[PDB]
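In the block that follows, a single chain appears as structure tokens, in the form deposited in one PDB entry.
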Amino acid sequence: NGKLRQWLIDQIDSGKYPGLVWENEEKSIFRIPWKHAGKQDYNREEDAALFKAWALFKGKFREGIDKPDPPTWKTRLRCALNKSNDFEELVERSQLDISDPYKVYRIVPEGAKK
């Protein structure tokens, strides 16, 4: 009934967001760019695109109707990632203090029994 799992899998499977790539061929671990908005390498378009995309895809942000607030978009996805049972951050694999920094996440498989 949720949308985050399928949606994010789709954005990675698309080549739309550079740095949003699978790390393995088994499609279980992926990399998600996570740049601090204050950095010099940061451009609003390319780095905020994934967060804006989630706000567009849910009804939250409507282009031309609403005033843009990019930190809000990032907070939504971060908190959504944290809370979801579908995603587990591999905190020992995240690279946040480099140019082109990223976080590493695992998509949990569904459970065996009921």
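Between two forms, the rigid core is defined as the largest C-alpha subset superposing within 1.5 Å. Shifts are known only where both forms have a C-alpha. Heads up: residue numbers just count along the shown sequence, starting at 1.
Just so it is clear, the following notes concern the form deposited in another entry, a form of the same protein that is not shown.
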Note to self: With the core superposed, a Cα shift of 2 Å or more between this form and the one not shown singles out one residue among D41, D69, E26, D66. Which one is it?
What the structure shows: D41
Next item on the list: Relative to what we see here, could you say if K52 and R44 have their Cα atoms closer or farther apart in that other deposited form, with a change of 3 Å or more?
Entry: farther
Next item on the list: Look at the CA atoms of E45 and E88: state whether they lie closer or farther apart in that other deposited form than in this form, given a difference of 3 Å or more.
Entry: closer
Notebook entry, point to check: For residues common to both forms, which consecutive runs of 3 or more show C-alpha displacement of 2 Å or more between this form and the one not shown upon rigid core superposition, listed in sequence order?
Noted result: 38-42, 44-47
